[PDB]
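Listed next as C-alpha cells: two forms of one protein chain, kept apart as structure 1 and structure 2.
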Structure 1
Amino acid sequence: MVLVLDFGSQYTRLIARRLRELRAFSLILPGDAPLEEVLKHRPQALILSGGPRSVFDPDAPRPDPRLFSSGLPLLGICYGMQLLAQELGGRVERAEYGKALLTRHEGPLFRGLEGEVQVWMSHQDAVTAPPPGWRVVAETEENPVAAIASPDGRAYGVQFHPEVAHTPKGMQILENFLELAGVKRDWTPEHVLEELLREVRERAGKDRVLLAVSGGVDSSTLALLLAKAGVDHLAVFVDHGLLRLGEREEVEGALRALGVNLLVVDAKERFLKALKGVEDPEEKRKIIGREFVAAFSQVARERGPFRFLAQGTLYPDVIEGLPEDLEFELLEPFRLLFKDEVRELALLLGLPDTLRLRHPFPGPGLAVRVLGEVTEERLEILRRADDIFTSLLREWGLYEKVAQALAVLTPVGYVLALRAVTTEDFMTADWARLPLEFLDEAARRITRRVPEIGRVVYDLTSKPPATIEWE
C-alpha cells in the first residue's frame, strides 16, 4: 500500500500505474488530504506528485503539515520535491517540461543506473537549498539541485518525472525508492486473482450474476472470473450488427469453450432500423446506447431474477441507466485495477491470445467509423476493408506494435482512411510511424479487393489535438 498524493499532475495516475507494475498496491488521494484520512489506509510510503501550480501560488494544494512527520518514507516529484524543501527548512525559488541529462546521481536512490541518465525535468521553480542535513544527490548542467535526500535515506525529492517514458531509467529509480521505503510487494498477479475469486464467491454466494460481454478483454476476463469462481451467472452478448467481420463467432466460440454461460442476442435489425437517417455522431452514440440497455433489459427480465449486475469498471474510472422494473446490486471486481493487470488475469484464467491481445473496440462499433448515415451496404464495405487492414497488420506482426488500428469510411464512391496510433503515456497518442511499404500494400489490396473503395488515405493526426476515433 503506497499512497500517491495528488497535487494536480497530469501524470498522477501514471505514477499509480508504475507502483502497480512494481508490485506495490497504490491508491490515489487528493494532495490536501487530512493526515487521518491518509493514515487510515496504513500506507507504507507516500509519493507526492508534481502539479501545474507553483509552491507559491495561493491556490496551490498543500499537504497536511503533520504529513512530513510520520517516519513514513517519502518521494517528492517536482512540485512534491519543492514542498519538501519549503516545508522543511530548505530554500525554493522561481511551467513546462524538458529533457536533460543528470551530470551527477549518487546514493541508494540511483543505485544501479550507469551511463547517461536522461530525465524529464520540470522547469517551474527550483530548490536552491536542500533542507538542513540533507544532501544533493543529483544535478543537471543547468540545475545544481536535481535531486535531494535526507540523511537517513527515508525521504527523497527529485526535480524530474521518473514515471514518464522521457526518463527511460525512471522505473529503476522508482524501484530503488520502494526498497528504500521498506515497501512490501503484495500486489502480484496470482495474489490478485486468488483475492478476486474469493470476493466474487462471498459476495454473489448462491445468487445469480448478470453481465454484458462485448468481446473486449475486460468483460471477457470478468466472465471468466465468475465462471472460474463457480458463481451462477449469465453473460449477455448483444450483437448490434456493428461488429467486425467474424467477431461474434470468435467471441462466443471462445467464451463457451472456457465455460462461461453465454447468451448471444441478435439485435442487428433493431439497431440498424434505429440508426436510419442519423448522421450526427453524438446522436448515433445516444441511440446505440439506448437500444443496448433496451435489449439487455429484455434479457434481464426474461432470464431473471438477477441480484447482481457485474461490470468491468477499472481504476481509471473510479478516479473519474436501466429501466425502473430492473434493480441490481453493482459487482465491480476490477474497480481497483488497471487494464493491463486485467489482461494478465485473462492469461491466468486461460483466455487464448486471440481474444486477450486485441485492440479496444468502442461500444458503438463500426457505426462511429462510417462518416454519415449508417446503412447495411456501408457497413458491408467497411467491414471488408477493415478486415483486410487488420489481417495485413497481423501478417507483418505490426498489429501488436500499435495501440489502436481502425478504418473509417467516407462516402463521396468511397474514400477509406487507415488510422493507427502508438502511445507512451496512456494519455496522448501519435499517428503510427508504420513502414511505408506496409501502407502501400494495404492500399493496393483494399482498392483491389473492395472495388467500391476508390481511394485509401492514412491519418497523419495525433492526439492532441484530434481524437483516435473520427467521431
Structure 2
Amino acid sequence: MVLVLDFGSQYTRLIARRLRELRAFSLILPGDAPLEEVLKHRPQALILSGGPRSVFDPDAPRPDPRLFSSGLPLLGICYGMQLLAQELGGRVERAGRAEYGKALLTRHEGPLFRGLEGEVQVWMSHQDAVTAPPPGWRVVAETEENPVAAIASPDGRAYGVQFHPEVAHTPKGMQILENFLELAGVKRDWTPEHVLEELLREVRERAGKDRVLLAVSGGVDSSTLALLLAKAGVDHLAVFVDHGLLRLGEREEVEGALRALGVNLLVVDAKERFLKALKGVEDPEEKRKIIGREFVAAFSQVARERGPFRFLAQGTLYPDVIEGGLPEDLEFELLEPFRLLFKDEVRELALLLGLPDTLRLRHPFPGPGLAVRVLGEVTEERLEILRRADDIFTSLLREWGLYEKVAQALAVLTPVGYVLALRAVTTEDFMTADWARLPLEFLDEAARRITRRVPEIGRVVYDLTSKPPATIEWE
C-alpha cells in the first residue's frame, strides 16, 4: 500500500493510477494530515505530490514534520521534493514561474534511474529550485538550467524529483516510478485475482442471506457489479430501465449477455413514459432533471413491488469517493464494492467475471442517453434519425479498427433539415480531453454513408473542440 500525499497538484489522481499500473495499491490522502492518520494504513512507501503553490507561500499545505522521521521510503515530486529539502537541511530558493516545460536530463544516475538510457525527457516544474540538497544527500540528476533536478539520501530511502514522472511528457516516468517501487521494496499485491477474491469474500459476508437491489444501465460498471453479485451467489435483482433513449440494439445485447451469465435481470419498458415526460423540453438541464426524475420513479416502483431489499448496490468508484434521489421512505444499506477502484480496474474485473468483449470494451454512454444528443426537443422521429446515424458511425469505427483508439465517440443531431455532428475524443480522466484526430479518409467515408443511408441528414460535420474549453457532450 503506497500512500499518495496530495499537496494540490492536478496530477495527484494520476500518480495513484500509475502506481496501480505497476501492480501496487495506491491510496490518496490530503498532504496536511496527522502522522497517525497517514500511518494507520501501514504504508509500504510514501509519495509527496506537487502543488500549484510555492513552498514559500504560507497558504500552501505543509506535511506533519514527523513524517520525514518515520523511516518509510519516500519520493518527493516538485513541491514534494522542495518540502523534503528545506524540511531536512537543504536549501530551496525562489525561481522561475508556476509553469511546466519539457527538459532533457543532462545527468541521471543511481538506482532511481536505471533502465533510463539515451534521452530522458522530463516534464519539469519551474517553480522555485532546491539549490542545496539535505546535508549528506546526493544530487542524482540535472538539466541544462537546473543543476539539481533530483536528489537522494545516502541510504537510498528518500528521493526528490523536480519533474513529474506520472505525466506523459515524461515518457520514461513509469520506469522511474517502477525503480522507486523496486527500491522501497514494495510488494506487488494489487492484482485482479486478489481484488476479485476480496470482493467476493466481502460481498458474501455483508450480503449474507439478504437480497441486493441494483440498477443496470448497460455500462461496464453496473454490468460487472451485477456479475459480482451473481458469481458471489448473493440474492439480488438487477433492474434495467429502458427509457427508450438507448443506442440501436442496446437493450437486447445487454439483457442477453447478463442473463446468460446468470444475473437476475428485470427489464422495464418505460419508453412511452420518458418520451411523454420530455415533450416540448429544450433546456438540457431540464431534460436531465426530467430523465433523472422518471428514472427514480420507475426504479422505486420496482423496488417496492419486488421488495424487500436490504441492500442497494452502487458502482461508486474511487474518483467519486475523492470527491438519483430515492424517496425518503425507501431506506437502504449501501453496498459499494468498487469504491477504491478506478474505472479500468473494473473492466479488468469484468474480464475475470466472464463478461464478453462486446460489452466489456464498449465506450461510456450517459444516463440520459440520446436525449442529450439532439439539440432541441426530443421527439420519436428525431431519435429514429439519430439512432441510425449513430449506428453507422459506431459500425464504421469498429470496421476500421478505430473504435478502441478513442475513449468515446458520439453523434449529435441538430435541427435546421438536419446537420449531424460526429464527435470523438481521447482522454484518461474525462475531465480534460482532446478531440480525436480520426483519419481524413475515414471521416469522408463516415459522412458519405450517413447522408447516403440517412437522407434526412443533409450535412455532416466533425467537432474540432477539446476540453477545455468545451464539454464532451454537446449539452
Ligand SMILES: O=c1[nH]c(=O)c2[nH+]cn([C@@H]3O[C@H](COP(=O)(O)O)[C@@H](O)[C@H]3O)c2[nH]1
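Residues that one form lacks are left out of the comparison. Each residue is numbered by where it sits in the sequence of structure 1, with counting from 1. By rigid core we mean the largest C-alpha set that fits within 1.5 Å across both forms.
Between the two isolated copies of the chain, the first is the form deposited without xanthosine-5'-monophosphate. The residue that stands out in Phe438, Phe68, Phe426, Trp431 is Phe426, the single one whose Cα moves by 2 angstroms or more between structure 1 and structure 2 on a rigid core fit. Once the core is aligned between structure 1 and structure 2, the alpha carbon position of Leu460 differs by 0.3 Å; this is the C-alpha shift at that site. Aligning the rigid core leaves the CA of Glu179 displaced by 1.3 Å between structure 1 and structure 2.
After superposition on the rigid core, a single segment of 3 or more consecutive residues displaced by 2 Å or more at every C-alpha between structure 1 and structure 2 is found, at 423 to 427.
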